[PDB]
Amino acid sequence: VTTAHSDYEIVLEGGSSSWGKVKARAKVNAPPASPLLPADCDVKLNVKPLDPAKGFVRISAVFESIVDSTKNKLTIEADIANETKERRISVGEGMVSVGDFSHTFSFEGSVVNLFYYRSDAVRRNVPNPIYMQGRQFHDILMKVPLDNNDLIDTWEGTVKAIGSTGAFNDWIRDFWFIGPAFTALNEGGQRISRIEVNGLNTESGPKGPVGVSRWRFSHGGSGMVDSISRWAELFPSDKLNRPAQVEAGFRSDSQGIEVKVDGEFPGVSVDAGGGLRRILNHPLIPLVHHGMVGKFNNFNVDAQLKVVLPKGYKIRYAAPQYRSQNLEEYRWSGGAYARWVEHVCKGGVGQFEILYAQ
Amino acid sequence: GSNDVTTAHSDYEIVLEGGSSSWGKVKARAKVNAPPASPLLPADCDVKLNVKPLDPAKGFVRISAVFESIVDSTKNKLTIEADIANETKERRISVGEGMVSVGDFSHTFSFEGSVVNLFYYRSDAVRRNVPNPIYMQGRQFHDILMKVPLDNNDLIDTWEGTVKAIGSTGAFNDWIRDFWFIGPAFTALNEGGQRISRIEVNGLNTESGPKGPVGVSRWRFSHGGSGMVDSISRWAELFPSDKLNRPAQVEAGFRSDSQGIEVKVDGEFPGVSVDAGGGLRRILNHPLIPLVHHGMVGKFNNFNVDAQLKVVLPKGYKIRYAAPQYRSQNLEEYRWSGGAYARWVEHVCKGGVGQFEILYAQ
Amino acid sequence: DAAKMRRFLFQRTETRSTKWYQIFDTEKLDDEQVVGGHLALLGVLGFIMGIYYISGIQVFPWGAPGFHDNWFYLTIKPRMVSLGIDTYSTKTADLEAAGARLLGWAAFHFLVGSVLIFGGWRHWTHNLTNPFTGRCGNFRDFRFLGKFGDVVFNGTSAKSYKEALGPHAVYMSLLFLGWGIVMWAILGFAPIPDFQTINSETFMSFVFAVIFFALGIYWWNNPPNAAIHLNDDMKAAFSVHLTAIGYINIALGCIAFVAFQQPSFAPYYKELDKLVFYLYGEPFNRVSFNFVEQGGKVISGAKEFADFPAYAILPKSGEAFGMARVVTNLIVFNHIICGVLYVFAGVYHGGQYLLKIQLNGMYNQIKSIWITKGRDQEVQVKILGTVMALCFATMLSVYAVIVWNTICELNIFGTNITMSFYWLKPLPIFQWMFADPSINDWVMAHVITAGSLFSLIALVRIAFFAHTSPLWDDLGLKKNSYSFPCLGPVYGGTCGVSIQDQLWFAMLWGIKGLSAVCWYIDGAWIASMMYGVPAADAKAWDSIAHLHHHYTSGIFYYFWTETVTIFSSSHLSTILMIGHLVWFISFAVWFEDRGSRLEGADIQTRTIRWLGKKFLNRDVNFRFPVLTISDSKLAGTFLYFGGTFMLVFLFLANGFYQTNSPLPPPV
Ligand code: BCL
Ligand code: BCL
Ligand code: BCL
Ligand code: BCL
Ligand code: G2O
Ligand SMILES: CCCCCCCCCCCCCCCC(=O)OC[C@H](COP(=O)(O)OC[C@@H](O)CO)OC(=O)CCCCCCCCCCCCCCC
Ligand code: SF4
Ligand SMILES: [Ca+2]
């Protein structure tokens, strides 16, 4: 058996608005590839524009999880804005808690994404470029009060390791990618440069010592890397005229995965030229990353996709072909759509573009 | 019970040449009812490779390759012409010219190339004990002198960006590999054993040529193989210039789609068969890289492929030790279908390297 | 204001429109809605089968005169006699039992059809909740029935249509086994492999139950791939199955024609010639102009016969009126015309889907052979050209043979019947499939081939030129509506190029090759147009060609003979009038006159508005609508095809009159 149930929905908006409701649920009768089971996780991404004057948006992310009966939590606030086309700045704070341990962090980081080439020959010839190589340069200043004994011990051990072990710059990449994260790094085309630590220090804060870490790293991609290949597409701050929230989670026991995701955010529909909008090109990193875990079991799939177009809009060239058009909402199920769903669950990055106009 | 079917059909034919010749007609048709892993679809491609012997005095062969493709209604084309010769057993020299065109853009190039293949060892103990050495670790040393006329405004822009990037960034020598292997090409490097070393740029100088500025690129790079790479381990066997006594052509092309792939392959070239001792000849060992490269793209849809293979031996020859065993033989030609052969076909379509060797003698 | 009018004739325009006759179009229907519609229609089918069974009552066992005979029940009476539910019994005692059985089966059909309709309604509303348990079933993933739904189909209900073929075949195996056990228990008829009795039907029902179960297992565990029908199964799979059912239905008509004449079918069809039938609307006992009731005995105005009081329907024998082959021909031609229509409709709906995928570029994105063949634009031209050439050759040869036969009959140009094609019979290796093989059967085979190829021309034009044709490729044009009637008088005119109009032309062309069946199954000597006519030599066919039977009359004289009985009855006469009326009205919409109708309707609107003011008062804002050429062609095809086949029925239902006595030469 191992049948895969999944329902996807897309409720779009017309005109210049690119917003769209995305809510999906999924049932898989297969064991998840987690060495600690069962694993449950809840994530809530809420974004609201602080000041539309120059791009401040307050993005909040809470990751509540329970893996093998230990309670995990990771809340992070961040005011992210674009200083320019290629540079982004994020200021905020956060908290991570595992079991009875919890350490609060604050950060001021800037990410600079640079494409290797900006050729107009490719841009004018390829209307829908997918692969786009480049690098991002993360310049992060993260601060953590050292009030726990475990925190102080971690800080002292890290300081000693950097002082003594000179290979820390590239040996941190082994620790920093837990388990299969390192393999996923190369699977998705990513590669991390050696970090460079611009300084570690501690000082008496509001109530005690705080570990201030000024460090820098950069990672580059060959085209699949959706953080790099599409830098401004992943962060639609300009078209965020109202609060956006995403609630997702999964209940993944030892004999099945129970996926649930909601969503309301801009950038769901992007113009493809000639007055023809489209569903945003599917991110490649999620597909190539899930393909390592989605290839472990032979599974039948009954996947259904709702695409509710706005009033008067019509889909032209949905491929795989949609099953049943109903007024202004469309359905995909079985046939080539089921084959494509299996293809992208197992690891494929095949194109399923839904062009539509009014 | 059952699963998703997503059937795929394919036919293969091998028509071998008699005597001591290693020639053989190779054609392969295939049709897969599964979505390809191309983020831009449809992606159609037509390929033509032709080689003719320039002269047997020092083993130059005139090799041409035309790749004309359309991806998402973007008509891509890349034509090359090259004169390649083995000046020794470890070093190859190639001089030739070509062009690449994408939509409106197009730029030609002329390259002076030298590839040097070094195995890490040449121990006689391995040679005298392993009759069929498959893995053979080694390094390929590429030295390329390519000249591109910078006539388009985009070519001049590419030059200005590159020469400004090399002098301003010291990490160009290794960050060039990220742009170089676009998308899955970088990931496919490691899953084939390839290691691309940092390229050394010996100099980017521009000078006026016959018609204007000509960007000259003198750069070297070396890619290493774990024995898993055919361009390194099987370097001598992939360039049968000594056995090219007549023009050889390979015309291929695939029609990739939103819900399928259609493949045509037509070939006529030497090196289809090699020796195995005592008059016993075998079809060449299957190249490793294509199998383990299609494997990382051909494991996304469950399929029950039905494949038929046809091997037409020359007169007087009989197959000995075909494994998996041939399904039928018409007293001069042999035929594979279903049974253990279809299992091996699925194995290699998913990336397996299960040895399916065919030996024959007269 | 000249604009308020303009968005009145901008309401029937053949742009993309609602088109009320497309409310149940499969584009807006899902799989479960199709299941529910089919279940509800099968329930209504059970309702009408019960109604027919009721119409089959002749004694009403509770005690009353029964129903008069009608074609709705006469076309199924041989089957019910075969099943033992009705009788060819001469006595009331054994006919009360038949009436009771038919009443019980009608009530059973009413109950089962009500259940089926309710289930189809719940499928239509996506409401698979069990009211007794309160749960809800899942259409995508359901256990079929229970433990049986787990030993086979181990959970995992079919998610795709190619995956549904197998469970469907197992369902049909269940249907075959259920019909076999219904035979064995309720209807007696133990399964004996004696292929001359109805017991063989039960035996072959069990055999087909086993075959269908094994095949369903195989296709459940090894689903086949037509690939493309999986996606738009609403129109692709539906149309492919529609043309498959059309061919199956033509085959079933042929099976019926062959079987119903066999000795094994004698007690069910041939024995209908020993009965007397009292059909509704047939000649009734007439009375004079001064009938004053007072029954028991007529006083003033004696009727035609002292028996059959008042206005009773007169008896007609089953031997002079060949009710055996009349019912056989009715069934056979019904299934043959339904098969031809289903083939045409399957080709048309497939062309609809195929144009839909040509417009969005999915046409080039098909991998299955069934489209990668015709995606050539030259193999299309070669195929259509060779079909047209074969049609031209066959039709020209057979028509010239028929015309020469008619000339030799009438002795035009001083010819003679010995100059005719009386010698042109089927080969002795082909004479086994005809009784009394002659030039008539040769002409029938060649006319069937010619008409089939003639309709195949338009079917191929639907299949290939749904979006573009080599003419319209050479011109700067493309078809993108499947229902647009024209682009105008440009290039001298572009009428009827869409696949809808090609469907209409296929129907009109198949009218000839299909009515040729009506002539044949009635024995009407299509080998010439004037047969049995006493003009010069048309009565010499029976002697010159050594015929064994004596067919009715030639193609043209067929409207003289055997119309002696259509005219003899009031019901067939009024059917003739209604059919002709409906038929010629199709000229009002096929003739290139739609704009004339629009102009005249504007004139009539202005008249009625003016006539509503000069004599009447108040606003007369109503305006006359004119069917557009898309609607005009749809309505015209319906009117034409119905008008001709309401009277082909009259040829079929007026009697056989194909006596087995070849009349001697005129000498
Ligand atoms: C993931 C691939 C790249 C990466 C690509 C990016 C991109 C792209 C960005 C950053 C940005 C930042 N990166 Mg980085 N970055 C990576 C690895 C890291 C690591 C680490 C220890 O590995 C660190 C500390 C950082 C640190 C930082 C901070 C300076 C900043 C984000 C803070 C914030 O948003 O918090 C809150 C944390 C989150 C919101 C967690 C949720 C993250 C996931 C990927 C978001 C999915 C969005 C979902 C698909 C749809 C969202 C809809 C809702 C409306 C939000 N990056 C990896 C290597 N990084 C941002 C920036 O520009 O800062 C100036 C930015 O836009
Ligand atoms: C970007 C990473 C997040 C973070 C995410 C986590 C997660 C996830 C976990 C911890 C956990 C712990 N955290 Mg913390 N933690 C951060 C910042 C800090 C800092 C600091 C000075 O900034 C300190 C001292 C600590 C201390 C501690 C460790 C003592 C403790 C358990 C060991 C462990 O593996 O930690 C992980 C240590 C790191 C990922 C960062 C260590 C930072 C060092 C001390 C200073 C920076 C060195 C170098 C310049 C940065 C290299 C890049 C990092 C690898 C990303 N965290 C930053 C904000 N932390 C555990 C916990 O919460 O409950 C058990 C755990 O599972
Ligand atoms: C593919 C694996 C290795 C590789 C292995 C080789 C091998 C092996 C050779 C070269 C050779 C060359 N390589 Mg190198 N080389 C690679 C990557 C590169 C790259 C790059 C940007 O990535 C470049 C610029 C070069 C540049 C060059 C030139 C120096 C030189 C001749 C090129 C030419 O004639 O085209 C030739 C290319 C084609 C004709 C296109 C078709 C390519 C495929 C691989 C051929 C398939 C053959 C088919 C299976 C059977 C054909 C039979 C018919 C008879 C033709 N290589 C990769 C890393 N390279 C040749 C040499 O030695 O020059 C001295 C040579 O023999
Ligand atoms: C070895 C690769 C082939 C080649 C194959 C392609 C392909 C394929 C494409 C282009 C395309 C373009 N080519 Mg070119 N092109 C080559 C040689 C050149 C040279 C040069 C001085 O030699 C220049 C200026 C250009 C210029 C251009 C870019 C301006 C343009 C669009 C951006 C792009 O992706 O570039 C690609 C740039 C490179 C692959 C080589 C750039 C060479 C630089 C300037 C000088 C060498 C630097 C370094 C020492 C060598 C690095 C090796 C490469 C990483 C493989 N080409 C060589 C012969 N070129 C695009 C096109 O044609 O239509 C859109 C495209 O898709
Ligand atoms: C049955 C035969 C026909 C009519 C009855 C008729 C009626 C009609 N036709 Mg016609 N017609 C053809 C047959 C008939 N066309 C053919 C075979 C062709 C192809 C050559 C054809 C062609 C054109 C063109 C080109 C034009 C018209 C028109 C035009 C209108 C004129 C308006 C008028 O003066 O009133 C005249 C209208 C009447 C006298 C109708 C009175 C009812 C009566 C008792 C007959 C009963 C109708 C029917 C028999 C019963 C069915 C009823 C149902 C309940 C079962 C008017 C409605 C014109 C207009 O629409 O506008 C002027 C126009 O341009 N035609
Ligand atoms: C004062 C001025 C005069 C004012 C009054 C004049 C207008 C009065 C006209 C009234 C009666 C019209 C005369 C008839 C009009 C006439 O004969 O023309 C045919 C008519 C088309 O007419 P037009 O729309 O072009 O114009 C008529 C105009 O009068 C107004 O529309 O309608 C049809 O096509 C009938 C088909 C309807 C759809 C039925 C399809 C078949 C259904 C099944 C039936 C067959 C069963 C199958 C068998 C094969
Ligand atoms: S006569 Fe009528 S159908 Fe023909 S082209 Fe003109 S408007 Fe169109
Ligand atoms: Ca008759």
# chains A, B, ... in the order shown; residues from 1 in each chain; ligands from 1
$ residues_near_ligand --ligand "ligand 1" --cutoff "6 Å" --atoms "only C-alpha atoms and all ligand atoms" --output "PyMOL selection string"
chain A and resi 45-47+61+76+78+80+88-90+109-111+140+227+244-246+265
$ write_last_selection --atoms "C-alpha atoms" --output "mmCIF file, in the first residue's frame"
data_model
loop_
_atom_site.group_PDB
_atom_site.id
_atom_site.type_symbol
_atom_site.label_atom_id
_atom_site.label_comp_id
_atom_site.auth_asym_id
_atom_site.auth_seq_id
_atom_site.Cartn_x
_atom_site.Cartn_y
_atom_site.Cartn_z
ATOM 1 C CA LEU A 45 5.534 32.647 10.182
ATOM 2 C CA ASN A 46 3.844 36.030 10.665
ATOM 3 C CA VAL A 47 4.940 39.160 8.790
ATOM 4 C CA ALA A 61 8.889 32.726 13.207
ATOM 5 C CA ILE A 76 12.775 34.627 16.283
ATOM 6 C CA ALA A 78 13.476 40.064 12.741
ATOM 7 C CA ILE A 80 14.257 42.826 7.591
ATOM 8 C CA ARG A 88 19.466 43.196 2.886
ATOM 9 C CA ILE A 89 19.638 44.054 6.598
ATOM 10 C CA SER A 90 17.880 42.205 9.424
ATOM 11 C CA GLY A 109 22.885 40.603 10.375
ATOM 12 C CA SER A 110 23.246 41.731 6.779
ATOM 13 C CA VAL A 111 23.042 39.431 3.753
ATOM 14 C CA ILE A 140 26.046 38.361 11.303
ATOM 15 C CA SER A 227 17.933 31.775 -1.729
ATOM 16 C CA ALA A 244 0.969 37.957 6.106
ATOM 17 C CA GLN A 245 0.882 34.750 8.132
ATOM 18 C CA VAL A 246 1.773 31.109 7.465
ATOM 19 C CA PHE A 265 1.419 35.942 1.442
#
$ residues_around --residues "residue 143 in chain C" --least-positions-apart "4" --cutoff "8 Å" --atoms "only C-alpha atoms" --output "PyMOL selection string"
chain C and resi 149-150+153-157
$ write_last_selection --atoms "N, CA and C atoms" --output "PDB file, in the first residue's frame"
ATOM      1  N   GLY C 149     -13.892  -6.430  -0.249  1.00  0.00           N
ATOM      2  CA  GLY C 149     -13.169  -5.246  -0.649  1.00  0.00           C
ATOM      3  C   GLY C 149     -11.764  -5.147  -0.104  1.00  0.00           C
ATOM      4  N   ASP C 150     -11.288  -6.176   0.591  1.00  0.00           N
ATOM      5  CA  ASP C 150      -9.928  -6.228   1.113  1.00  0.00           C
ATOM      6  C   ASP C 150      -9.121  -7.396   0.575  1.00  0.00           C
ATOM      7  N   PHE C 153      -8.525  -5.894  -4.147  1.00  0.00           N
ATOM      8  CA  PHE C 153      -8.455  -4.443  -3.972  1.00  0.00           C
ATOM      9  C   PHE C 153      -8.183  -4.102  -2.504  1.00  0.00           C
ATOM     10  N   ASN C 154      -6.982  -4.477  -2.062  1.00  0.00           N
ATOM     11  CA  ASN C 154      -6.641  -4.461  -0.641  1.00  0.00           C
ATOM     12  C   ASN C 154      -6.579  -3.020  -0.134  1.00  0.00           C
ATOM     13  N   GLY C 155      -7.765  -2.492   0.163  1.00  0.00           N
ATOM     14  CA  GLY C 155      -7.921  -1.067   0.316  1.00  0.00           C
ATOM     15  C   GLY C 155      -7.633  -0.402  -1.014  1.00  0.00           C
ATOM     16  N   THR C 156      -7.114   0.821  -0.943  1.00  0.00           N
ATOM     17  CA  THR C 156      -6.501   1.489  -2.090  1.00  0.00           C
ATOM     18  C   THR C 156      -7.450   1.524  -3.290  1.00  0.00           C
ATOM     19  N   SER C 157      -8.572   2.213  -3.110  1.00  0.00           N
ATOM     20  CA  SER C 157      -9.492   2.375  -4.225  1.00  0.00           C
ATOM     21  C   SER C 157      -8.789   3.097  -5.367  1.00  0.00           C
TER      22      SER C 157
END
$ interface_residues --of "chain C" --to "chain A" --cutoff "12 Å" --atoms "only C-alpha atoms" --output "PyMOL selection string"
chain C and resi 18+23-34+138-141+150+153-164+225-237+353+356-367
$ closest_atom_pairs --of "chain B" --to "chain A" --cutoff "8 Å" --atoms "only C-alpha atoms" --output "JSON lines"
{"residue": "B:1", "atom": "CA", "partner": "A:1", "partner_atom": "CA", "distance": 6.8}
{"residue": "B:2", "atom": "CA", "partner": "A:1", "partner_atom": "CA", "distance": 7.9}
{"residue": "B:3", "atom": "CA", "partner": "A:300", "partner_atom": "CA", "distance": 5.9}
{"residue": "B:4", "atom": "CA", "partner": "A:300", "partner_atom": "CA", "distance": 6.0}
{"residue": "B:6", "atom": "CA", "partner": "A:339", "partner_atom": "CA", "distance": 7.6}
{"residue": "B:34", "atom": "CA", "partner": "A:339", "partner_atom": "CA", "distance": 6.7}
{"residue": "B:35", "atom": "CA", "partner": "A:340", "partner_atom": "CA", "distance": 6.1}
{"residue": "B:36", "atom": "CA", "partner": "A:350", "partner_atom": "CA", "distance": 5.5}
{"residue": "B:37", "atom": "CA", "partner": "A:350", "partner_atom": "CA", "distance": 4.2}
{"residue": "B:38", "atom": "CA", "partner": "A:350", "partner_atom": "CA", "distance": 4.9}
{"residue": "B:39", "atom": "CA", "partner": "A:351", "partner_atom": "CA", "distance": 4.6}
{"residue": "B:40", "atom": "CA", "partner": "A:351", "partner_atom": "CA", "distance": 5.7}
{"residue": "B:41", "atom": "CA", "partner": "A:351", "partner_atom": "CA", "distance": 6.0}
{"residue": "B:72", "atom": "CA", "partner": "A:128", "partner_atom": "CA", "distance": 8.0}
{"residue": "B:74", "atom": "CA", "partner": "A:126", "partner_atom": "CA", "distance": 6.4}
{"residue": "B:102", "atom": "CA", "partner": "A:125", "partner_atom": "CA", "distance": 6.9}
{"residue": "B:103", "atom": "CA", "partner": "A:125", "partner_atom": "CA", "distance": 5.4}
{"residue": "B:104", "atom": "CA", "partner": "A:125", "partner_atom": "CA", "distance": 6.8}
{"residue": "B:105", "atom": "CA", "partner": "A:121", "partner_atom": "CA", "distance": 6.0}
{"residue": "B:154", "atom": "CA", "partner": "A:121", "partner_atom": "CA", "distance": 6.2}
{"residue": "B:157", "atom": "CA", "partner": "A:119", "partner_atom": "CA", "distance": 7.4}
{"residue": "B:158", "atom": "CA", "partner": "A:119", "partner_atom": "CA", "distance": 6.8}
{"residue": "B:161", "atom": "CA", "partner": "A:117", "partner_atom": "CA", "distance": 7.3}
{"residue": "B:175", "atom": "CA", "partner": "A:220", "partner_atom": "CA", "distance": 7.8}
{"residue": "B:178", "atom": "CA", "partner": "A:222", "partner_atom": "CA", "distance": 4.9}
{"residue": "B:179", "atom": "CA", "partner": "A:133", "partner_atom": "CA", "distance": 5.4}
{"residue": "B:180", "atom": "CA", "partner": "A:222", "partner_atom": "CA", "distance": 7.9}
{"residue": "B:181", "atom": "CA", "partner": "A:222", "partner_atom": "CA", "distance": 6.3}
{"residue": "B:182", "atom": "CA", "partner": "A:222", "partner_atom": "CA", "distance": 4.8}
{"residue": "B:183", "atom": "CA", "partner": "A:223", "partner_atom": "CA", "distance": 4.2}
{"residue": "B:184", "atom": "CA", "partner": "A:189", "partner_atom": "CA", "distance": 6.8}
{"residue": "B:185", "atom": "CA", "partner": "A:222", "partner_atom": "CA", "distance": 7.8}
{"residue": "B:186", "atom": "CA", "partner": "A:189", "partner_atom": "CA", "distance": 6.1}
{"residue": "B:187", "atom": "CA", "partner": "A:189", "partner_atom": "CA", "distance": 5.5}
{"residue": "B:258", "atom": "CA", "partner": "A:319", "partner_atom": "CA", "distance": 6.5}
{"residue": "B:259", "atom": "CA", "partner": "A:336", "partner_atom": "CA", "distance": 6.3}
{"residue": "B:297", "atom": "CA", "partner": "A:348", "partner_atom": "CA", "distance": 7.0}
{"residue": "B:299", "atom": "CA", "partner": "A:346", "partner_atom": "CA", "distance": 7.1}
{"residue": "B:300", "atom": "CA", "partner": "A:343", "partner_atom": "CA", "distance": 4.6}
{"residue": "B:301", "atom": "CA", "partner": "A:343", "partner_atom": "CA", "distance": 5.4}
{"residue": "B:302", "atom": "CA", "partner": "A:298", "partner_atom": "CA", "distance": 7.3}
$ residues_near_ligand --ligand "ligand 2" --cutoff "9 Å" --atoms "only C-alpha atoms and all ligand atoms" --output "PyMOL selection string"
chain A and resi 72-74+93-107+141-146+148-159+162+169+172-177+195-202+210-217
$ residues_near_ligand --ligand "ligand 7" --cutoff "8 Å" --atoms "only C-alpha atoms and all ligand atoms" --output "mmCIF file with N, CA and C atoms, in the first residue's frame"
data_model
loop_
_atom_site.group_PDB
_atom_site.id
_atom_site.type_symbol
_atom_site.label_atom_id
_atom_site.label_comp_id
_atom_site.auth_asym_id
_atom_site.auth_seq_id
_atom_site.Cartn_x
_atom_site.Cartn_y
_atom_site.Cartn_z
ATOM 1 N N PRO C 485 -19.137 28.477 -37.051
ATOM 2 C CA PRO C 485 -19.631 27.942 -38.323
ATOM 3 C C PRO C 485 -18.838 28.397 -39.529
ATOM 4 N N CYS C 486 -18.061 29.469 -39.411
ATOM 5 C CA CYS C 486 -17.471 30.106 -40.578
ATOM 6 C C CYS C 486 -16.505 31.186 -40.123
ATOM 7 N N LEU C 487 -15.716 31.672 -41.079
ATOM 8 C CA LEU C 487 -15.025 32.942 -40.955
ATOM 9 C C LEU C 487 -15.545 33.978 -41.934
ATOM 10 N N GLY C 488 -16.420 33.588 -42.853
ATOM 11 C CA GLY C 488 -17.023 34.523 -43.762
ATOM 12 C C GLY C 488 -16.866 34.141 -45.215
ATOM 13 N N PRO C 489 -17.298 35.039 -46.103
ATOM 14 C CA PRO C 489 -17.145 34.802 -47.543
ATOM 15 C C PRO C 489 -15.721 34.959 -48.046
ATOM 16 N N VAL C 490 -14.759 35.254 -47.167
ATOM 17 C CA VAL C 490 -13.369 35.343 -47.587
ATOM 18 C C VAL C 490 -12.937 34.016 -48.206
ATOM 19 N N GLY C 493 -15.664 31.850 -49.245
ATOM 20 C CA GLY C 493 -16.516 31.244 -48.242
ATOM 21 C C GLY C 493 -15.826 30.213 -47.374
ATOM 22 N N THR C 494 -16.111 30.242 -46.074
ATOM 23 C CA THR C 494 -15.474 29.370 -45.094
ATOM 24 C C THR C 494 -16.521 28.679 -44.227
ATOM 25 N N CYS C 495 -17.612 28.241 -44.850
ATOM 26 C CA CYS C 495 -18.719 27.654 -44.106
ATOM 27 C C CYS C 495 -18.369 26.265 -43.590
ATOM 28 N N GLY C 496 -18.787 25.981 -42.360
ATOM 29 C CA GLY C 496 -18.789 24.625 -41.848
ATOM 30 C C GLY C 496 -17.455 23.910 -41.802
ATOM 31 N N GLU C 592 -27.994 28.892 -46.484
ATOM 32 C CA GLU C 592 -27.157 30.000 -46.030
ATOM 33 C C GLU C 592 -28.036 31.245 -45.977
ATOM 34 N N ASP C 593 -28.859 31.306 -44.926
ATOM 35 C CA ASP C 593 -29.912 32.307 -44.840
ATOM 36 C C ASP C 593 -30.033 32.938 -43.460
ATOM 37 N N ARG C 594 -29.076 32.710 -42.558
ATOM 38 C CA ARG C 594 -29.233 33.173 -41.184
ATOM 39 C C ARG C 594 -29.333 34.690 -41.110
ATOM 40 N N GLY C 595 -28.531 35.398 -41.903
ATOM 41 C CA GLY C 595 -28.607 36.848 -41.899
ATOM 42 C C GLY C 595 -29.913 37.362 -42.464
ATOM 43 N N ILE C 629 -25.765 30.493 -36.768
ATOM 44 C CA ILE C 629 -25.433 29.376 -37.652
ATOM 45 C C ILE C 629 -24.869 28.205 -36.855
#
$ residues_around --residues "residue 41 in chain C" --least-positions-apart "3" --cutoff "9 Å" --atoms "only C-alpha atoms" --output "PyMOL selection string"
chain C and resi 36-38+44-46+113+116-117+120
$ write_last_selection --atoms "N, CA, C and O atoms" --output "CSV table (one decimal), in the first residue's frame"
chain,number,residue,atom,x,y,z
C,36,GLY,N,-22.5,9.7,-10.3
C,36,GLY,CA,-23.8,10.0,-9.8
C,36,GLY,C,-24.8,10.2,-10.9
C,36,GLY,O,-25.9,9.7,-10.9
C,37,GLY,N,-24.4,10.9,-12.0
C,37,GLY,CA,-25.3,11.1,-13.1
C,37,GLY,C,-25.6,9.7,-13.8
C,37,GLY,O,-26.7,9.5,-14.2
C,38,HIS,N,-24.6,8.9,-14.0
C,38,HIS,CA,-24.8,7.6,-14.6
C,38,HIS,C,-25.7,6.7,-13.7
C,38,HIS,O,-26.6,6.0,-14.2
C,44,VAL,N,-33.4,5.9,-13.8
C,44,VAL,CA,-34.4,6.3,-14.7
C,44,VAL,C,-34.6,5.2,-15.8
C,44,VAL,O,-35.8,5.0,-16.2
C,45,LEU,N,-33.6,4.6,-16.2
C,45,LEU,CA,-33.6,3.5,-17.2
C,45,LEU,C,-34.4,2.3,-16.6
C,45,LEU,O,-35.2,1.7,-17.3
C,46,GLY,N,-34.2,2.0,-15.3
C,46,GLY,CA,-35.0,1.0,-14.6
C,46,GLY,C,-36.4,1.4,-14.5
C,46,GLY,O,-37.3,0.6,-14.7
C,113,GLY,N,-34.5,1.1,-9.2
C,113,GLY,CA,-34.2,2.3,-9.9
C,113,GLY,C,-34.3,3.5,-8.9
C,113,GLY,O,-33.6,4.5,-9.0
C,116,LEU,N,-31.1,3.3,-6.9
C,116,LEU,CA,-30.0,3.8,-7.8
C,116,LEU,C,-30.0,5.3,-8.0
C,116,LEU,O,-29.0,5.9,-8.0
C,117,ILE,N,-31.2,5.8,-8.2
C,117,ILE,CA,-31.3,7.3,-8.4
C,117,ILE,C,-30.9,8.0,-7.1
C,117,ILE,O,-30.3,9.1,-7.2
C,120,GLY,N,-27.2,7.9,-6.9
C,120,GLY,CA,-26.6,8.8,-7.9
C,120,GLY,C,-26.8,10.2,-7.5
C,120,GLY,O,-25.9,11.1,-7.8
